[PDB]
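Below are two forms of the same protein chain, given as structure tokens: structure 1, then structure 2.
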Structure 1
């Protein structure tokens, strides 16, 4: 029939219309229903914190190693990005999502109202009619390489959105480079081993918007997933919690102070470092009272080399833990398995 299921609703509009319950395509399926944690732990463990300005020192590099091996992510302080620039990119995000739907839909990622592409305002690809939908919208923009930006999908109001996002992305790219240099040293690989695969590499800004949900126990704001990136640099809502990370089968809340950044490895890095460091599975749970926003800067490698464990980590006593795949096949796997709520990297394990 008419594949209207391929063009899902804007979730912010569902919430504004006043749905009393999540429509059926957003409902989790038992397995995920039993694992939705809405209550905080009351005695959470301290989270790993890394001070970028101290990262040349052995003691700080050790804190990074502990974070990368045991958590897959860390809070980052003293990272050099002006606090007011962080405020501006988030507030201009709020200003965009607060615009009338008529205006926002000019940036829809459903071309002609039906044809899906990644870039734009909407949600991720709907592959099957029985696919579960997340309780969020997102504005997904290619920021890098700068010459490949399509400004027809960048909001023109607020007027400064483009300038502020580009300035913000310049800072997070510098952070990306500093972190990957420290990771190369931890792995005893050439300090520029990852820089070669980042030449003219794609990078994206994912502005997530999680509307309030009348039944936060029945949906996910964004489904459990690991990022497919090399590195993700995440700026979370400073007022509204919801991010959670999986560690040893348990979910725990991730709470960050304003202007602290969250850095996590993606599946590309887990493969390239042969699983010495882990790409963490995370999710966002909704709440019934307030919307939540986040901005994920998603840093991928270029398509010049196949994705595989670094040769310097492999020898006669140290086998590869993941098989080699082209970037095109890796991309299709990350995107396709996300739609099914499955973990693509598991299919690569040897």
Structure 2
């Protein structure tokens, strides 16, 4: 079976909005086409990123994360826990709110890197709003339910470089996990991403065609939608033949309210998840064998 394709051009109107529902229900991931981000900007994100990661280690470490919160920023794969078996180099940048940016962690070379990221992040923010408004409608909440919870909310840019692994094995790479976000927007450089999603025990490949985006909702959305849609467990395996690049835009909600299923979804529909503080939600998704939001089922 093929990866579901969702056309942002047509996301109003039952035909394409229902395609989104059957993709959220069956795959958890979907491929987004006609999303309004120009192809040459996506190319630049990928190419300038590759250029940043192919530098000598000394240049990259000038942006290395500092050590004295949970969401570490800068260059490295630390989480006294460097993640050697990820087989990956990483750059993590807080992009939103724009006020809270810290340019000491943004690469100054290639010269365009900052401007290209900020340009691409304006496009994915708009995609986030469109996707999330469609979902509110699917949930038969009103258009702007989440938009209000998305004000001054954190958004991170996670850049991944995966050099080839001569000895691929499942102990290497990104291990099975669900995202903690409200929404995740992923940009990959090639038609081999290594990204896989577990559906009813089975792992399926998630591949992007040229210049499309891979979207999934995270655990924040699953609690808020009372599990009507589920945050998918996924992993990124290693590759012996090619190098790979990706950028994930990681969209969370703000500190204001608490994380609980939407009241408008609760008498024949009891709440599947307990309410908890955004501060306790963060600590639990960063905080392991068992999956955090399971401990919220009740």
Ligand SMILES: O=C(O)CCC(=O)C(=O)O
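Numbering follows the first chain given and starts at 1. In this text, rigid core is short for the largest set of C-alphas that superpose within 1.5 Å between two forms.
Discussion item. Does the form deposited with ligand AKG bound correspond to structure 1 or to structure 2?
Written reply: Number 1 is right.
Worksheet item: If you line up the core, which of 147, 248, 159, 239 has a CA that moves 2 Å or more between structures 1 and 2?
Response: Among the listed residues, the one whose C-alpha moves by 2 Å or more is 239.
Fill in: Residue shift check between structures 1 and 2, rigid core fit, residue 290 Cα at least 2 Å
Passes the 2 Å threshold, so yes.
Fill in: Rigid core superposed: residue 133 CA moves 2 Å or more between structures 1 and 2
Shift of 2 Å or more: yes.
Worksheet entry | Core-referenced Cα shift (Å), residue 222, between structures 1 and 2 | Taking the core as reference, the C-alpha of residue 222 is shifted 0.9 Å.
Worksheet entry | Inter-form CA displacement between structures 1 and 2 at residue 213 - rigid core frame, Å | Core-aligned C-alpha shift comes out at 2.2 Å.
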